[PDB]
Structures are given as C-alpha cells and as structure tokens.
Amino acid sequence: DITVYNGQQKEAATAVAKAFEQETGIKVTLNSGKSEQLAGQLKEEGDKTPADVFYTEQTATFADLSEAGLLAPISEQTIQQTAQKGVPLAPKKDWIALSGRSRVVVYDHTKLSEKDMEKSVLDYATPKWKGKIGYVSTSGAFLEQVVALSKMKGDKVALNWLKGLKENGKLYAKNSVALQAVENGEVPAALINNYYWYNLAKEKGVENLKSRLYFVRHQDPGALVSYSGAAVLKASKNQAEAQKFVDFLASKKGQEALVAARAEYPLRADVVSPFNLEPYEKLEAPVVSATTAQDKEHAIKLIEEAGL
C-alpha cells in the first residue's frame, strides 16, 4: 500500500486511486492539500517523508522538489506514454505529465459565432469587446495566463492586456459564475477553462446549452494548457509500488479512469474522454516554462498595477 500526497481535485484523485486498487490490489491513501503546500511539506520532510507519490494538478510544483533532489526517476518507457509533442518533460526524468486543462473562450452561440471570435487572446481585451468579455481575475488559471503572456510577449503586453480587461471586460468572481453569465445572456463571452463547460455539457446535454467553446489554438498564449502529473519521492521505501502507481497513471487504464472523473485532456493518444474533449494535439498549446513562485508574484503585481 502507498501514501499519495494529492494536490489534484479530490474527485479525480479518488477515481484513479480506485482503478489502481482494482488493477493491482494495492491500497492508496490520499493525503490531500494544496500542491504548493504539499511540495513545501515534502521538502521539509525530506528523507523522512511518508509520501510515496506526489500527485498534482500542476507539474510546475515539481520543480522545487526536483531541484532539491527529492524525486526518483520514472521509467523512460512510462514517460513516453504521455510524451506527445508539446507536453512538458522533466529534464531529470523525475516526474511525468499526465493530463491537462486548457484556457478557453466560452461564448453564447445565439449572439456570437466562431467568425466573431478573436484568434489571439490579446484581442479580447480591446474596445471591440467592451462590455462583451467576462474574466475572472482571482482565478488560478487566469494568473497562469498572465504569467504566460509575460513570458511569451513581455510584461508590457501582459499589463496592457490586463488594463484592457479592466476597461472592456466584465469581472466575475469565479469561472463557474462567468460560465453561467454567458449561459444566462449577461455577457456574450468569457475567458474560462475548458472543464467547466464540458462538465456542464455532460450533465445538462450540449443540446440544452446556449454556450459553446472557442479555442484559439496555434500556440497563442490563450491556448495555454496547465498540466497535471505525478512523481515518486526519492525517499520512499516502497519504490516498487510507488512506481507501479505512476506507471498505472500513464497506462491506458489509468488515463481512462482519470478522464471519466474529470474533464482534463488525457496525454495518452489512445484514450478518448467521455466528456467529448478534442485530442490534446488539436489544442496547439504553447510551450511555456513552468510557473514559479516568483512568476506568480510578478503576475500579481501586474494585476494590481492594472487596477484589478
């Protein structure tokens, strides 16, 4: 049996842990928390950690741990199972990306069509979209988007985008609220993440929704994907089962379990999501370095400078 420090949404983690317990008979104990906190705890615990695996919604949180020498290598063969072009790879082969969440534009298809959409996320923050674009400045993925803009286009472009949203956008407290605002006709489009919409569509039926999704693609900053993943702790005294679990997560079966539980894009190329997601490769996500604490601090400063 293994102990998994879990920064991923509890529902997803519970699902893969059960499919694992069923393929193998090995019990998983999930210890859930925020990935940044869990990473801090793993670093502090060091060679005395009881964690076998760290399962996260954000592979960026592995960087501090890898840099501290706290992660074990994963089999090359396992890493390759999800190594689609675009997918972040651990330079030390000491963690693996497993699935992704995407930025997206949700829009009310009774008011806008795909031909009205902007091909760059930068262009939603402009006067064409005055009063017409929702955004969620407190959201984690919004912050990731700002970080990506700063990295890809520079801080001035990122700040200008934020000021453009301040002037032209409608602020919503949460992605779910923004999605409902589009559905209810309050705003014709909003910047959210994919999984809110796919969840709503799965539950209610797309035939009963006014909203649709527009993906900018072509490695635009707005095609940003945030990657979930897993790592084995170097200090684990149960390497064999820890590795078995990570191997399972990258297996067809483990990926099938994840995608049934949460509308993340699987990174295997032979798994289709019951949420009816497009294949990961079609997203054309940009390649962006991992978000650091420093990156986040800088992005928060830009949000404040923009008046948000």
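From 1 onward, residues are counted along the sequence shown.
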{"property": "Residue stretch of maximal mean CA temperature factor, 98 to 106 vs 117 to 125", "result": "117 to 125"}
{"property": "Greater mean Cα temperature factor according to the PDB record, 201 to 209 or 155 to 163", "result": "201 to 209"}
{"property": "C-alpha B-factor winner, where the candidates are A290, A285, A19, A299", "result": "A19"}
{"property": "Per the PDB entry, maximal CA B factor within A242, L267, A68, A51", "result": "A68"}
{"property": "For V272, the third of its chain into which the C-alpha B factor falls", "result": "highest"}
{"property": "Modelled-residue ranking by C-alpha temperature factor, third containing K130", "result": "middle"}
{"property": "Third assignment of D247 from its chain's C-alpha B-factors", "result": "middle"}
{"property": "Third of the chain, ranked by Cα B-factor, where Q219 sits", "result": "lowest"}
{"property": "Cα B factor band for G229 (lowest, middle or highest third within the chain)", "result": "lowest"}
